[PDB]
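Please read the structure below before turning to the comments.
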Amino acid sequence: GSXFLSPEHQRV
Amino acid sequence: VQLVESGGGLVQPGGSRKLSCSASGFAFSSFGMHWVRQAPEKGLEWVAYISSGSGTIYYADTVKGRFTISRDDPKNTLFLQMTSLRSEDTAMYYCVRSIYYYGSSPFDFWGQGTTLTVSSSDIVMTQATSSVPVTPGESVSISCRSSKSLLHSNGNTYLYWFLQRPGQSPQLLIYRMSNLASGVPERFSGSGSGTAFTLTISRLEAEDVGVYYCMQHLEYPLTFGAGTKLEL
Amino acid sequence: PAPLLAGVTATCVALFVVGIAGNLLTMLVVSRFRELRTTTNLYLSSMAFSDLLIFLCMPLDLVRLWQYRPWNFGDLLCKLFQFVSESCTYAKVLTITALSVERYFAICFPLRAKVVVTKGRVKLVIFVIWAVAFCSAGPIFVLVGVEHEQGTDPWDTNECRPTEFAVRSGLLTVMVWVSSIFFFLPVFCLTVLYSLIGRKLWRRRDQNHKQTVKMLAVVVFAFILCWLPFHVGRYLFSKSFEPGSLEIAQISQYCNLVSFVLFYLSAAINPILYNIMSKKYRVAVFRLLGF
Amino acid sequence: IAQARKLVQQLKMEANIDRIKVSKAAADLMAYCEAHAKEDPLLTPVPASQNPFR
Amino acid sequence: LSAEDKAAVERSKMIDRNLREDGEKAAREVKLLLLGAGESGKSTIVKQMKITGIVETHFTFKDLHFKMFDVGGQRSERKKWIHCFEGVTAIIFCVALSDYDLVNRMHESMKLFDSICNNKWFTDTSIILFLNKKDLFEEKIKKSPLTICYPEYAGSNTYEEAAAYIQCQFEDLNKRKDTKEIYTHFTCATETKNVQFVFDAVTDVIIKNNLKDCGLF
Amino acid sequence: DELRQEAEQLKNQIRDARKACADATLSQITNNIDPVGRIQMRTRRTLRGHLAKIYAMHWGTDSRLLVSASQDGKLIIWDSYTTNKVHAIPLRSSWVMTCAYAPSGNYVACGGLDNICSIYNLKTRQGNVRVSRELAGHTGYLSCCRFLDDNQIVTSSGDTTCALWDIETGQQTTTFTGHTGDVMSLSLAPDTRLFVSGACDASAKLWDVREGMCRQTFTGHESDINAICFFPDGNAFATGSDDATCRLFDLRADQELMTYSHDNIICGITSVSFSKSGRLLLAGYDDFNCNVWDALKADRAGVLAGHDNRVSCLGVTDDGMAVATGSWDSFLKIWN
C-alpha cells in the first residue's frame, strides 16, 4: 500500500 | 486374541491406582479401546474410551476429571489412571476392543477383568424383566427399551446385545440390532422397532444361562440395560 | 494532474484483470492436477492467494487516490484494507524468498533436497510465512485510522491516513524502517542464491542453462524494479511529515503513485514470471480451458 | 505339427453346434431391455429421495 | 449427524495419513528400469549390488535408495505393460559389444533400443546406456572386422575407433534429442565406477527434473 | 499340409453356417424402438487417496464397497456412500494390473507383472488384512481375475492362457488354452457356468468352467481386445478393442450383432460394462472421456468427461444405481 499524502500538508 | 488386565486390589478411599490391559494376538494399534466396570452384584457400566491413534477420548460423567485413559501402541498396553478413588468405584474393570469401519463388529472381545476394591440427557436403556426361569429347548425373547430412538438417519439402529456367562466376561451376541456376531450360533436373533427391541433365543442350551445386557452406541456416554437373568 | 489519474486507474484495472485471471488459473490448475502439486506450485498457490487479496484491496486504494478528504467508509474498513494489503505484501515477498530458497536447495543440492524437503516441511513454511506477515503488519491497526480536522464536522474532512500520534511519536518512521527489512532481506537472499545457482549451472557446462540464468536475472530485476520505488516512497512519506520539507510534498506523492502502479504490476506479472516456462503448467491450463 | 491337429479338432467341435437366427436372437435382447427398463436407475434418472448419492 | 461414523471417519483419516507418509517415502526412491536384449550384460550390472516376472533390486549408494526393475523375465507383449514404467527416473540399457559377430544380435539390440527410446511413454525419460563386453570386444575386432555388422564402417579394427563408432550408432538412434539424453558408459572391471556412473547420471537427471519443476528451463 | 487345409476349410464352413442365420440385423429389429435420449450423469463422489495410476476397480455385491488397485503398492477398499477408506492393503509387488472383490465380500484379489494372484482375507480375528493365498502357476502377467466363490477364482494371464484356481490348495484345477495372444480380460457369466476371455489375437473365446473347453470363438475385432463384459441376460457379451470400436456378440447366434464406433473416436477402449437393464453400454476410452452407448440402436447416449487421464477401469453396481470410473489421473469417480 503506497503511502499517499493529504492534499493539505500546510503544517501551519 | 487375548486381553489381560492387571492393577487391581484393595485401595483406600481417596487413593490412586493404575490399571493396565496387555493386548495380545491382534493389531492393538488399529482398535479403539474401552473400559467397562461392573459393580459387585450389579450390571455393566461404561467408563472411558480411547480411539485408535489416541485422537478421541471420552469419559463417563461419573469419572470425568478423575480418571485418565492412555494408550501404548508399541507396548500393546492400555492404561487407566484412577485418582481420588471413592467406594463407588469398587467394581470389575473390563478391557474391551472395538474397531469402527463399515460392517465392523464393535465390542467383540472383552478381557477377563481386574477387581478393584475401594474401601470405605443420557439415553436410558430399560430392561423390564430381571430374571426369567427357562428350560432347555424353548424360545425365549429378551426385551429392551430405550428412552430415545436408536435408529439413525443412515439406517443403522445401534443396539448391541451381550451375554455374561457365570464367572465370565460379557460376550457380544448381536451388533447394530440384527447382525449376529462372529462365532455365535444362529439360534440368536435380534429385531427391533427403533425404540423397543427383542432378542430371541430359538433353542436353549446349558451354555446360554447368564445375564443379557443391551447397549446403545448411538451417542456417548454408552449406556447399558440392567440385564436380564436366565436361569434353569 | 487531473488527466494522469485516468491513466493510472485504467492501468490498475488492466492489472486487476490480468492478475485475477492469472492467480485464479494458478490455483485452479494446482487444485485439480496432481502432477502440478509440487513444492514450487504450493508456494505459487500461496502467493496467488496473496496477490488475489492485494487485488481485492485495489478498489479501496483507488478510491483514496481518487477522493481523499471526504472519506467516510469506516475506521475498521480503513484499518482492514491497509492491513490485509500490508500483510499480503509481506507474505508475497516472503514467499518469493521461500521460492528462491527452494530453487537453490533443489538445484545446488539435488539429492539432499529429496530427503530434506517434503510437503510436510513446506506446509509449515507457508504457515510461518503467513503468521509472520500478519504479525509484522499488525501495527497498521495502531497507525492507520480515520481522523477529522477541527473547523468542519466529522464527515466533512475524514481522511484514511496514518494517525497524528504516529507522526508526533516516531512510530511511522520506525515502521517504514522495519518494513525495509522486507526489501533488504529478500533482495540479498535472491541475489546471492540465484547467483550461486547460475555459478553452478555455468560450471557444469548449453542454451538451456543460458535461458535459466536469463530467467533468474529477469526475476531479480523485476523484484528490484517493483520494490525499490515502493520502499523509497514510503521512506520519503516518513520524511514528508517532518518540518522543512515542501519539495518532498511533490516527490513523495509522485514516487508513491509510481510505486502504486509498480505494486499492482508486480501482482499481475508474478504468476506469469514463475509459471510461463513450465510446460506442464501450460498444458494443464490448456486442459482446464477449452483451447 | 501337433498343434494343427488340435486346432482341427477344436474347429470340429465349434462348427458342430446349433445356431439360432439373428432375428430370433436380437428379439430376445430387446425383450430383456423392455422387461427390465423400469429397474434401471441409469436409464431413468431416479429422484434424489431414494438415491444414496444425495 | 453421525455416531460410530465419526470413528469411521477418524479411521479413514488415520489411514490416508499413513498413505501420505508412504507416498513421501516412495518419492525419495530412485526407480530404474533395466532393459536389454538378452542376459549378455544385465547379469553384470546387477552383480555388485545387494538387496518370475519382475526382479526388483534395492540398493543404497551415498545415502540414496535405488530400486532397479529387471523385466527381462516377462515373455509377453511389451506394449501391453510397458506403460507401467512411464514415471521411471531413468532407463538402464545394456548392450554387449561382442554381439556384432554373433547371430544380428547387435542389430536386434539396436531395434530394441530404438523401440524403447522412442515410445510415447518415455518421451522425457533419460537412458543410461551400458556397453558391456569391453574386454571381449577387442579380441573380436582383432579376430574379425567390424564390417560384419555395420558394412559402412570406415576405420581400423582397433578398440577406440570401433567402440566410438558403436556408441555413435546407438546415440544416433534417438529421435527425441530435444527432451532426453543418453548417458553412455563402457562397462569397466572396476565396478565402483559403474555404480558411480549410474549415481552421476541419476544426479544429472534429478537436477534437470528439478529445473523443470521449478520453472527454470 | 493334408490337415492344415482342413483348418482353413472348417473356418469357411463355420463362416457359412453363421451366415445362414443372419436373416436380419440387430439395427433392423430395433429400428422402431424409441431412443434412450440424452443421458446426463453428474459426478457424485470423487474418491481421492491414490498417489499413482489406478489400474483396476471392482464393485462389491452389496453395491456400496469397492476395491481399487493403483501402481503405488496399495489396495484401497472404499465406502462409496461416505467416501471413507475401509481398508488400505500394502502389496508386496506394486505392479498390480487387476483387482477383484469376492461376491461374499470376505476376500479381495490382486495381480500383475509378478505373475501371482494374491488373495487377501478381509475378515480376520485380528484387525489387519492378511494374504490368504498366493497363486503362482502363471508364467505371464495377470490381466484379470474374477471370483466364483470364496474357494474358486478364475485368472487370465499374458502367457495366452486362463486358469481356474482352488484358493485352499493353491493349485490350478483347470487351464484354458487356445488363445494365441495375451489374454487381457475376463467376464464371468451370471450363472457362473461360462466365461469369456478377450486376448491380443483379436478374438473372444467362450469358455465353460466345469469341463475346461472353448465352446465358441468370436473374431470380429481388428485389433487387440482389452475389455469384455457379459450382458445381464448372460446370452451376449460386448468387447472393447484397440481399434476404437466396441462390438456386441451373441452366444446363441455365434456372431457379431452390432458395432459401436464413431468417426471422432480413434483411441482404444480400456473398459466395458453394461447397465442393469443392458440398454446402455459403458465404455472407457484413452481420450479421457467415457462414452455411453445405446446397446440396442448403436447410438451414443452420452459422454462422461471428468478425468484428466485414461479411464483405465469401469464398473457398474449390481443394483444399477451408479457407475464408477477409475483413471490414470489417480482418482475414482462415482456417476449417477
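As written, the chains take the letters A, B, C, D, E and F, and residue 1 is the first residue of each chain.
Convention: contacts are C-beta pairs under 8 Å (C-beta built on N, C-alpha and C of every residue); 3 or more make two chains touch, one makes a residue touch a chain.
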With chain F gone and nothing shifted, sort the other chains into their touching clusters.
-> A, B, C, E | D
Two chains sharing the most contacts, counting C-beta pairs only | D-F
Taking CA centroids for every chain, report which one is farthest away from chain C.
-> D
Note, CA centroid farthest from chain F's centroid sits on chain A
For chain E and chain F, what's the span in angstrom between their mean Cα positions?
-> 33
Taking each chain's centre as its mean C-alpha position, how far apart are chain C and chain E in Å?
-> 45
Taking each chain's centre as the mean of its CA atoms, how far is chain A from chain C in angstrom?
-> 23
Report the inter-chain centroid distance for chain B and chain E in whole angstrom, where each centroid is the mean of the CA atoms.
-> 59
In chain E, which residues are in touch with two or more of the other chains?
-> 5, 8, 11
Pairs of chains, among all present, that meet the touch criterion = A-C, B-E, B-F, C-E, C-F, D-F, E-F
Residue numbers on chain E that touch chain C, as the complex places them = 24, 27-28, 62-64, 203, 206-207, 210-217
Chain B partner, complex, touching residues on chain E are 1, 3-8, 10-11, 14
Show which residues of chain B lie in contact with chain F when the two form their complex.
-> 1, 25-27, 30-31, 99, 101-103, 182
Please name which positions on chain D make contact with chain F in the complex.
-> 1, 4-5, 7-8, 10-15, 17, 19-23, 25-30, 32-33, 36-37, 39-43, 45-46, 51-54
Quick one: which bits of chain E touch chain F in the complex? Just the residue numbers, please.
-> 5, 8-9, 11-12, 15-16, 18-19, 22-23, 26, 52-54, 71, 74-77, 80-81, 84, 87
